[PDB]
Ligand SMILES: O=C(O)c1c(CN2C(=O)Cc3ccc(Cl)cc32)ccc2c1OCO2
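Okay, here we've got a single chain as structure tokens, the form deposited without this ligand, with questions on binding and movement later.
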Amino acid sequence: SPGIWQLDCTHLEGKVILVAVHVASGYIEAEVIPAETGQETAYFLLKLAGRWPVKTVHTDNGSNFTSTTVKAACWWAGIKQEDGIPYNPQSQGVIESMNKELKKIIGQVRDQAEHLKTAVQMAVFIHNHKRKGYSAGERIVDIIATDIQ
């Protein structure tokens, strides 16, 4: 579970926000892309896996699971690519809630930047630093450090 991430794609302002959630901590990375292609998704995962020890990614949809470019990225980065079937129905609700939370934060910062990508990164910052009391950022580091040790 320290190495398990879940992809999530949401929409805003006619653009796509691609999110990777670290399941055990709720920590996230996100980017704005024009559309969710296999190439965009592959590049995003390459970035993520160079930054955190990504063992497994539950893809966000069947097209990214199928994509040979995505599978090639997962091969490259040593990632086990898996489906995102919510065998635990709670997975669904957690992601849905996270998307609503993220959109709320983006609205709260939206006027502090011209470009959506800027607001999304501000939203990533606020989400990861929010104490719920540890933050998601604190949680992911402790989880992973415990695993190293």
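For clarity, a rigid core is taken as the largest C-alpha set superposing within 1.5 Å between two forms. Numbers follow the displayed sequence, beginning with 1.
S.K.: Which stretch is less alike in 4 other deposited structures of this protein, 33-41 or 90-98, counting RMS CA distance after the rigid core is superposed?
M.R.: Relative to the shown form, the greater RMS C-alpha distance in 4 other deposited structures of this protein belongs to 90-98.
S.K.: Look over 25-33 and 87-95 in the entry and identify the one with the greater average Cα temperature factor.
M.R.: On average, C-alpha B-factors are higher across 87-95.
S.K.: Of the two stretches 104-112 and 56-64, which shows the higher Cα B-factor on average in the entry?
M.R.: Result of the comparison: 104-112.
S.K.: In terms of the chain's CA B-factor thirds, is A20 lowest, middle or highest?
M.R.: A20: CA B-factor falls in the lowest third of its chain.
S.K.: Name the third of the chain's ranked CA B-factors that contains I140, choosing lowest, middle or highest.
M.R.: Middle third by C-alpha B-factor.
Keep in mind that the form deposited with this ligand bound is not shown, yet the notes after this line are about it.
S.K.: Answer yes if any heavy atom of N88 is within 4.5 Å of a heavy atom of this ligand in the deposited complex; otherwise answer no.
M.R.: Because no heavy atom of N88 falls inside 4.5 Å of this ligand in the deposited complex, the answer is no.
S.K.: Can you tell me whether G84 touches this ligand? I mean in the deposited complex, with a 4.5 angstroms heavy atom cut-off.
M.R.: No, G84 sits far enough from this ligand in the deposited complex that none of its heavy atoms falls within 4.5 Å.
S.K.: Give, in sequence order, every residue of 90-113 that has a heavy atom within 4.5 Å of this ligand in the deposited complex, or say none if there are no such residues.
M.R.: Counting only heavy atoms within 4.5 Å of this ligand in the deposited complex, the contacting residues of 90-113 are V94, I95, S97, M98, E101.
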